[PDB]
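Q: Please read through the structure below; I'll follow up with questions.
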Number of protein chains: 2
Amino acid sequence: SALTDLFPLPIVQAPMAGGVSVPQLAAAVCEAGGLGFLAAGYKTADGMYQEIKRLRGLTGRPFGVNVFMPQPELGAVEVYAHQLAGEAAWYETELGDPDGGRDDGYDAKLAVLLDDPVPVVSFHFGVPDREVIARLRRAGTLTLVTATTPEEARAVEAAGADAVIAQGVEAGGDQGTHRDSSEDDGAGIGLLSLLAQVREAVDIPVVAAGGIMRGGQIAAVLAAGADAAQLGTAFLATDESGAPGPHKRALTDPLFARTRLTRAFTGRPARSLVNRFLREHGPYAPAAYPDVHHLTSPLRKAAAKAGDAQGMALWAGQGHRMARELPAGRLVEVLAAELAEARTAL
Amino acid sequence: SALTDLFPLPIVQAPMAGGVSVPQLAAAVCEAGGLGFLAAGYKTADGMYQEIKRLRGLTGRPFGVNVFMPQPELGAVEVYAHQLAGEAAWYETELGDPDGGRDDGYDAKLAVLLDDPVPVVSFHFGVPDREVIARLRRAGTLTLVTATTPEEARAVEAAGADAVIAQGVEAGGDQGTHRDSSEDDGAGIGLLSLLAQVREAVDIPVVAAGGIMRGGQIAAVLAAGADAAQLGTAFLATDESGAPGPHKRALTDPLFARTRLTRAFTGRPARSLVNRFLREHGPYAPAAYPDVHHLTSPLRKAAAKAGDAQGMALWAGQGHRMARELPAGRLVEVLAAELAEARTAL
Ligand SMILES: Cc1cc2nc3c(=O)[nH]c(=O)nc-3n(C[C@H](O)[C@H](O)[C@H](O)COP(=O)(O)O)c2cc1C
Ligand SMILES: Cc1cc2nc3c(=O)[nH]c(=O)nc-3n(C[C@H](O)[C@H](O)[C@H](O)COP(=O)(O)O)c2cc1C
């Protein structure tokens, strides 16, 4: 597997937007034998390029860069904005523009990734045109795409990608569904089941994602057909993580004892710890991405500035309670040991 | 592990009510080295006892018997019944009595299980008084209880049970939650995550349940801390299964491409293939068990009699598409081979 041949351990640090995946995090994972990732989501092409440059200065080992697929245009947003009037007033800020870009600098970002190739590139919220994948392949870049159902996985393979990321419902953060509709609500697939379905649906390598916090779980997905495990929440609380202090603390806080998928913050299903904002607006959030994300960004930044976890997008997978606060490099070592220990037992 | 010492393969055939787990099914699983189960749910104490007697005549190997915990009493039911008036008329039958028993012959069933001990007894919909568990233990019976969260698992251990069954959201049929409330809605835990949480929460053996259809998935849960895998849907479509023909056929029917948790049929969250009945009544089903189950039984029986899968409780886990129609004994062999193959690879 070209992917696994790139790095020693079957461990991938999930790209996490919102200032989480700073170069220092990716670098530590890379130096420990795992695959570090940079998140291009919501950044400008230049912002992404600067991180890429900095990371190369921190490590010479393979790393990945994640990009968001452009979303098509399209009452609901006007109403939700109105319902947030109180949040804007309380945080003394203005809601963001729901009609901003929807491509997230896609064209410019691909230009950078093609002109100065990186080892790995993954896509979220859909599948790239097969010409984008072919061109990146020629450049020597391995391509990955997230799928949440066996059908989406088939689409990923059909596009010619090198590997598919099977993200189960337990996953923290944004669900990588290709198309969001109120019907998918309540129909999310558990990772162990999704992995098996995807493994029999496609022939390309599968990277398992969702709720993986221990080395034993990494051994579990490998046993079920995965080539590697992608972990987000586990690295979210490491020291190199750029996630706000209130967010890191919430992960193990008994007060935030539950997570759930919501469109409250971005307008697309994403798993977050249940808090005030989710409770109040979660039931009414419309399917409109990145429209809603633009709308609530000022709110989230204001909340983070104040240290108010109740107004933040507390992204977290179902294994958040097992999050460990230590250097990412040491976390990889611990994970590797747990993995070995589980293989031996099995 | 006293449990695993009982039978050679880490495979448990889940007890399945509704006439699915006939003695012939349990026997075939037992003879193949797995642990067969009889379902006492909704049967009378005598009905259960007759199956127990018959199964002993079919195999001398260890088997289990599953019993439902009595439920406490408690507008919603009156309204739901009204909404089903059309179903009753169409199927030309009368709705059942929502105020029937709620103990499901618990006292009488325990009397039988204590007077003539069986190898294993599992409980669903709660945890038995620790005196019930202690008495069964003295009789030489191993006890298991289903938990859906790490907290419920702790309760299972605290009661002194020999092992806990960690049932994830992917599971087919009835969720074994100890207490049902509209809050749990949307907060189900994926098996891979639940298993890890339960393994660190308790010290007793864990049996993993939910979406397991292949031997590789059995290797997966074992690697994550489970002592065995409990499979329902995989055995539901075997020849020895007593499930109606329309139910077995629906499992691999492209028309029924999705499952979801609903209270439509029983008044408690249970995963079923999405069909007409679920679509029409699922959004309005109240939390009232076994009240709703009593209410819809006549409807379900009428639908089954007519071969109308759209009016049946098509219980099925998320791996239903991988269901194989063959003797249960051969399914165990195939599962065992897949398991070995996965261990070797890992
Ligand atoms: C903090 C937060 C931010 C995330 N941001 C991204 C992102 O920008 N792009 C992406 O492809 N996935 C993103 N993910 C999803 C991860 O790729 C992965 O699917 C998820 O973290 C797996 O669950 P645990 O978090 O490992 O349960 C994010 C997840 C969280 C935790
Ligand atoms: C046909 C149907 C009926 C079931 N009946 C029972 C039951 O009476 N008692 C019980 O404890 N579990 C029952 N279960 C749940 C199983 O114990 C197990 O948790 C579930 O089948 C696991 O998922 P798959 O079905 O293995 O995904 C039933 C499941 C289905 C498939």
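Chains: A, B, ... in order of the structure tokens. Residues: from 1 per chain. Ligands: from 1, in order shown.
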Please tabulate, as CSV, the residues of chain A that come within 9 Å of chain B, each with its closest pair of atoms and the distance in Å to one decimal, counting only C-alpha atoms and ordering rows by chain, then residue number upward.
A:
```
residue,atom,partner,partner_atom,distance
A:168,CA,B:190,CA,8.2
A:169,CA,B:190,CA,7.2
A:170,CA,B:190,CA,5.8
A:185,CA,B:186,CA,8.9
A:186,CA,B:186,CA,6.6
A:187,CA,B:260,CA,5.9
A:188,CA,B:260,CA,8.7
A:189,CA,B:170,CA,7.0
A:190,CA,B:190,CA,5.0
A:191,CA,B:190,CA,6.9
A:192,CA,B:192,CA,6.2
A:193,CA,B:211,CA,5.5
A:194,CA,B:319,CA,8.3
A:196,CA,B:217,CA,7.4
A:197,CA,B:319,CA,7.5
A:210,CA,B:193,CA,8.2
A:211,CA,B:193,CA,5.5
A:212,CA,B:193,CA,7.1
A:213,CA,B:193,CA,8.5
A:214,CA,B:196,CA,7.9
A:215,CA,B:224,CA,8.5
A:216,CA,B:224,CA,4.8
A:217,CA,B:224,CA,5.2
A:218,CA,B:224,CA,8.2
A:219,CA,B:223,CA,6.0
A:220,CA,B:220,CA,3.9
A:221,CA,B:220,CA,6.1
A:222,CA,B:346,CA,7.0
A:223,CA,B:220,CA,5.1
A:224,CA,B:216,CA,4.8
A:225,CA,B:216,CA,7.4
A:258,CA,B:187,CA,7.5
A:259,CA,B:187,CA,7.0
A:260,CA,B:187,CA,5.9
A:261,CA,B:186,CA,7.7
A:318,CA,B:193,CA,6.5
A:319,CA,B:193,CA,6.0
A:321,CA,B:197,CA,8.6
A:322,CA,B:197,CA,8.1
A:342,CA,B:223,CA,5.8
A:343,CA,B:346,CA,6.5
A:345,CA,B:223,CA,7.5
A:346,CA,B:223,CA,5.8
```
Q: Keeping N, CA and C atoms for every residue in the selection just given, could you write it to a file as a compact mmCIF listing (two decimals), in the first residue's frame?
A:
```txt
# COMPACT_ATOMS: atom_id res chain seq x y z
N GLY A 168 -16.98 6.97 10.43
CA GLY A 168 -18.22 6.53 11.06
C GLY A 168 -18.91 7.64 11.83
N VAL A 169 -20.11 7.38 12.34
CA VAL A 169 -20.85 8.40 13.07
C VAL A 169 -20.22 8.83 14.38
N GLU A 170 -19.34 8.00 14.93
CA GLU A 170 -18.69 8.32 16.19
C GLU A 170 -17.68 9.46 16.06
N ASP A 185 -30.36 12.34 8.49
CA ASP A 185 -30.54 12.48 9.93
C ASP A 185 -31.00 11.19 10.60
N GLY A 186 -30.18 10.70 11.53
CA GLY A 186 -30.51 9.48 12.25
C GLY A 186 -30.09 8.21 11.55
N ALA A 187 -29.49 8.35 10.37
CA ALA A 187 -29.05 7.20 9.60
C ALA A 187 -27.52 7.08 9.53
N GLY A 188 -26.80 7.56 10.53
CA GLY A 188 -25.36 7.44 10.47
C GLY A 188 -24.88 6.02 10.76
N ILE A 189 -23.83 5.59 10.07
CA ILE A 189 -23.30 4.23 10.24
C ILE A 189 -22.12 4.11 11.22
N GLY A 190 -22.21 3.15 12.13
CA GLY A 190 -21.13 2.93 13.08
C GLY A 190 -19.88 2.52 12.33
N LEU A 191 -18.72 3.01 12.77
CA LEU A 191 -17.46 2.71 12.10
C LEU A 191 -17.18 1.24 11.82
N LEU A 192 -17.37 0.38 12.82
CA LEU A 192 -17.09 -1.04 12.63
C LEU A 192 -17.92 -1.63 11.50
N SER A 193 -19.14 -1.13 11.36
CA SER A 193 -20.03 -1.60 10.31
C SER A 193 -19.65 -0.94 8.98
N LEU A 194 -19.41 0.37 9.01
CA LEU A 194 -19.04 1.10 7.81
C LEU A 194 -17.75 0.55 7.21
N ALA A 196 -16.47 -2.48 7.33
CA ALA A 196 -16.72 -3.76 6.66
C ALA A 196 -17.45 -3.55 5.34
N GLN A 197 -18.43 -2.65 5.33
CA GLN A 197 -19.20 -2.36 4.12
C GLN A 197 -18.30 -1.75 3.04
N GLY A 210 -13.06 7.60 13.41
CA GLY A 210 -14.22 7.71 14.27
C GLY A 210 -14.10 7.04 15.63
N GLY A 211 -13.93 7.86 16.67
CA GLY A 211 -13.83 7.36 18.03
C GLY A 211 -12.61 6.55 18.42
N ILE A 212 -11.54 6.60 17.63
CA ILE A 212 -10.34 5.83 17.96
C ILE A 212 -9.45 6.58 18.95
N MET A 213 -9.35 6.06 20.17
CA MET A 213 -8.57 6.71 21.23
C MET A 213 -7.48 5.85 21.83
N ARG A 214 -7.56 4.54 21.59
CA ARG A 214 -6.59 3.60 22.13
C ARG A 214 -5.96 2.73 21.04
N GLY A 215 -4.76 2.22 21.33
CA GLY A 215 -4.07 1.38 20.38
C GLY A 215 -4.84 0.10 20.08
N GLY A 216 -5.63 -0.34 21.05
CA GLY A 216 -6.42 -1.54 20.86
C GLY A 216 -7.49 -1.32 19.80
N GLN A 217 -7.99 -0.09 19.69
CA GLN A 217 -9.00 0.23 18.69
C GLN A 217 -8.35 0.32 17.32
N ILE A 218 -7.07 0.68 17.29
CA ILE A 218 -6.35 0.75 16.03
C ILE A 218 -6.18 -0.68 15.52
N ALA A 219 -5.91 -1.61 16.44
CA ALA A 219 -5.75 -3.01 16.08
C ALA A 219 -7.09 -3.55 15.60
N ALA A 220 -8.17 -3.05 16.20
CA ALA A 220 -9.51 -3.48 15.84
C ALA A 220 -9.82 -3.14 14.39
N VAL A 221 -9.63 -1.89 13.99
CA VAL A 221 -9.94 -1.50 12.62
C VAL A 221 -9.03 -2.18 11.61
N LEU A 222 -7.77 -2.42 11.98
CA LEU A 222 -6.85 -3.10 11.07
C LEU A 222 -7.35 -4.53 10.83
N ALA A 223 -7.83 -5.15 11.90
CA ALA A 223 -8.35 -6.51 11.82
C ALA A 223 -9.60 -6.57 10.95
N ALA A 224 -10.33 -5.46 10.89
CA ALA A 224 -11.55 -5.41 10.10
C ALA A 224 -11.34 -4.95 8.65
N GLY A 225 -10.09 -4.82 8.23
CA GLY A 225 -9.83 -4.43 6.85
C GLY A 225 -9.19 -3.08 6.59
N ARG A 258 -21.87 14.34 27.11
CA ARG A 258 -22.46 13.79 25.89
C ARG A 258 -22.19 14.60 24.62
N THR A 259 -22.11 13.90 23.49
CA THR A 259 -21.89 14.54 22.20
C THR A 259 -23.03 14.17 21.28
N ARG A 260 -23.20 14.95 20.21
CA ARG A 260 -24.22 14.63 19.23
C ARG A 260 -23.99 15.41 17.95
N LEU A 261 -24.53 14.88 16.85
CA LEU A 261 -24.40 15.52 15.56
C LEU A 261 -25.36 16.69 15.52
N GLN A 318 -16.98 10.38 19.99
CA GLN A 318 -17.57 9.72 21.15
C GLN A 318 -16.54 9.18 22.16
N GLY A 319 -15.26 9.18 21.80
CA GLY A 319 -14.26 8.69 22.73
C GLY A 319 -13.56 9.81 23.49
N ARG A 321 -13.79 11.33 26.24
CA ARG A 321 -13.45 11.13 27.65
C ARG A 321 -12.10 10.46 27.85
N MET A 322 -11.63 9.74 26.83
CA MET A 322 -10.34 9.07 26.92
C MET A 322 -9.18 9.91 26.37
N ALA A 342 -2.01 -5.19 21.76
CA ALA A 342 -3.26 -5.78 21.28
C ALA A 342 -3.01 -6.84 20.21
N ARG A 343 -2.03 -6.62 19.35
CA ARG A 343 -1.70 -7.60 18.30
C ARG A 343 -1.29 -8.89 18.98
N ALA A 345 -1.89 -10.07 21.98
CA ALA A 345 -3.03 -10.73 22.60
C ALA A 345 -3.91 -11.43 21.58
N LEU A 346 -4.19 -10.74 20.47
CA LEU A 346 -5.03 -11.28 19.41
C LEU A 346 -4.31 -12.43 18.69
```
Q: Within 6 Å of ligand 2, counting only C-alpha atoms and all ligand atoms, which protein or nucleic acid residues do you find, written as a PyMOL selection string?
A: chain B and resi 14-17+39+41+66+124+167+170-174+209-212+231-233+315-318
Q: Which residues, written as a ChimeraX atom specification, have at least one atom at most 8 Å from residue 240 (chain B), with only C-alpha atoms counted and residues fewer than 6 positions away on the same chain left out?
A: /B:22,24-25,28,327-328
Q: So which residues of region 115-205 of chain B fall under helix (DSSP H, G or I) by DSSP, listed as an MDAnalysis selection string?
A: chainID B and resid 115 130:138 150:158 191:201
Q: Rounded to one decimal, what separation in Å do you get between atom 10 (C, counted along the ligand's line) of ligand 1 and CA of residue 146 (chain A)?
A: 8.2 Å
Q: Name the residues in contact with region 274-290 of chain A at a cut-off of 7 Å, using only C-alpha atoms, excluding same-chain residues fewer than 3 positions from it; report them as a PDB file with N, CA and C atoms, in the first residue's frame.
A:
```
ATOM      1  N   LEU A  74     -27.435  27.196  -2.434  1.00  0.00           N
ATOM      2  CA  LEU A  74     -28.647  26.567  -1.919  1.00  0.00           C
ATOM      3  C   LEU A  74     -28.371  25.141  -1.441  1.00  0.00           C
ATOM      4  N   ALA A  76     -34.499  29.514   4.844  1.00  0.00           N
ATOM      5  CA  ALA A  76     -34.002  28.867   6.054  1.00  0.00           C
ATOM      6  C   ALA A  76     -32.907  29.666   6.757  1.00  0.00           C
ATOM      7  N   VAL A  77     -31.968  30.191   5.978  1.00  0.00           N
ATOM      8  CA  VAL A  77     -30.854  30.960   6.522  1.00  0.00           C
ATOM      9  C   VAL A  77     -31.270  32.300   7.124  1.00  0.00           C
ATOM     10  N   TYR A  80     -32.828  31.398  10.561  1.00  0.00           N
ATOM     11  CA  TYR A  80     -31.835  30.977  11.540  1.00  0.00           C
ATOM     12  C   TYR A  80     -31.033  32.179  12.019  1.00  0.00           C
ATOM     13  N   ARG A 102     -18.022  29.904  -1.359  1.00  0.00           N
ATOM     14  CA  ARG A 102     -18.491  28.549  -1.099  1.00  0.00           C
ATOM     15  C   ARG A 102     -17.465  27.553  -1.630  1.00  0.00           C
ATOM     16  N   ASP A 180     -25.509  16.816   1.819  1.00  0.00           N
ATOM     17  CA  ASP A 180     -26.251  16.844   3.073  1.00  0.00           C
ATOM     18  C   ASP A 180     -27.736  17.090   2.880  1.00  0.00           C
ATOM     19  N   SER A 181     -28.545  16.231   3.490  1.00  0.00           N
ATOM     20  CA  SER A 181     -30.000  16.339   3.428  1.00  0.00           C
ATOM     21  C   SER A 181     -30.594  15.878   4.757  1.00  0.00           C
ATOM     22  N   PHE A 256     -19.766  18.027  30.470  1.00  0.00           N
ATOM     23  CA  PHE A 256     -20.014  17.804  29.051  1.00  0.00           C
ATOM     24  C   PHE A 256     -19.894  16.300  28.874  1.00  0.00           C
ATOM     25  N   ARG A 258     -21.866  14.336  27.105  1.00  0.00           N
ATOM     26  CA  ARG A 258     -22.458  13.791  25.892  1.00  0.00           C
ATOM     27  C   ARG A 258     -22.191  14.599  24.624  1.00  0.00           C
ATOM     28  N   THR A 259     -22.106  13.897  23.495  1.00  0.00           N
ATOM     29  CA  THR A 259     -21.887  14.542  22.205  1.00  0.00           C
ATOM     30  C   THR A 259     -23.033  14.173  21.277  1.00  0.00           C
ATOM     31  N   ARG A 260     -23.201  14.946  20.214  1.00  0.00           N
ATOM     32  CA  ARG A 260     -24.223  14.633  19.230  1.00  0.00           C
ATOM     33  C   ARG A 260     -23.989  15.409  17.946  1.00  0.00           C
ATOM     34  N   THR A 262     -24.883  17.828  15.018  1.00  0.00           N
ATOM     35  CA  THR A 262     -25.707  19.025  14.926  1.00  0.00           C
ATOM     36  C   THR A 262     -25.285  19.900  13.749  1.00  0.00           C
ATOM     37  N   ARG A 263     -26.211  20.735  13.281  1.00  0.00           N
ATOM     38  CA  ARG A 263     -25.944  21.663  12.186  1.00  0.00           C
ATOM     39  C   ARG A 263     -25.875  23.077  12.765  1.00  0.00           C
ATOM     40  N   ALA A 264     -26.022  23.169  14.083  1.00  0.00           N
ATOM     41  CA  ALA A 264     -26.025  24.449  14.781  1.00  0.00           C
ATOM     42  C   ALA A 264     -24.902  25.414  14.419  1.00  0.00           C
ATOM     43  N   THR A 266     -22.248  24.931  11.810  1.00  0.00           N
ATOM     44  CA  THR A 266     -21.827  25.043  10.418  1.00  0.00           C
ATOM     45  C   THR A 266     -22.911  24.878   9.354  1.00  0.00           C
ATOM     46  N   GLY A 267     -24.045  24.286   9.730  1.00  0.00           N
ATOM     47  CA  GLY A 267     -25.116  24.077   8.774  1.00  0.00           C
ATOM     48  C   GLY A 267     -24.988  22.724   8.099  1.00  0.00           C
ATOM     49  N   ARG A 268     -24.166  21.862   8.683  1.00  0.00           N
ATOM     50  CA  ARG A 268     -23.936  20.519   8.165  1.00  0.00           C
ATOM     51  C   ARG A 268     -23.708  19.674   9.411  1.00  0.00           C
ATOM     52  N   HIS A 293     -21.856  28.366   8.761  1.00  0.00           N
ATOM     53  CA  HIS A 293     -20.520  28.528   9.326  1.00  0.00           C
ATOM     54  C   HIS A 293     -20.100  29.998   9.266  1.00  0.00           C
ATOM     55  N   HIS A 294     -20.394  30.666   8.153  1.00  0.00           N
ATOM     56  CA  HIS A 294     -20.041  32.077   8.010  1.00  0.00           C
ATOM     57  C   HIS A 294     -20.821  32.878   9.042  1.00  0.00           C
ATOM     58  N   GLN A 310     -19.569  27.297  26.412  1.00  0.00           N
ATOM     59  CA  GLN A 310     -20.978  27.098  26.062  1.00  0.00           C
ATOM     60  C   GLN A 310     -21.381  27.734  24.733  1.00  0.00           C
ATOM     61  N   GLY A 311     -20.523  28.586  24.182  1.00  0.00           N
ATOM     62  CA  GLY A 311     -20.838  29.227  22.916  1.00  0.00           C
ATOM     63  C   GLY A 311     -19.880  28.809  21.816  1.00  0.00           C
TER      64      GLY A 311
END
```
Q: Can you pull out the residues contacting residue 13 (chain B)? Cut-off 7 Å, using only C-alpha atoms, and skip same-chain residues under 6 positions away; I want them as an mmCIF file with C-alpha atoms, in the first residue's frame.
A:
```cif
data_model
loop_
_atom_site.group_PDB
_atom_site.id
_atom_site.type_symbol
_atom_site.label_atom_id
_atom_site.label_comp_id
_atom_site.auth_asym_id
_atom_site.auth_seq_id
_atom_site.Cartn_x
_atom_site.Cartn_y
_atom_site.Cartn_z
ATOM 1 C CA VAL B 29 -25.021 -22.824 16.736
ATOM 2 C CA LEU B 35 -23.326 -20.345 22.104
ATOM 3 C CA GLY B 36 -26.947 -20.700 21.003
ATOM 4 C CA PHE B 37 -29.713 -18.687 22.674
ATOM 5 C CA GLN B 230 -22.860 -11.659 19.802
ATOM 6 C CA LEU B 231 -24.540 -11.766 16.386
ATOM 7 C CA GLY B 232 -28.234 -11.380 15.705
ATOM 8 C CA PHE B 235 -28.181 -15.647 12.150
#
```
Q: Please determine, counting only C-alpha atoms and all ligand atoms, which residue among A:151, A:115, A:203, A:104 has the shortest atom-to-atom distance to ligand 1.
A: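 Of all the options, A:104 lies closest to ligand 1.
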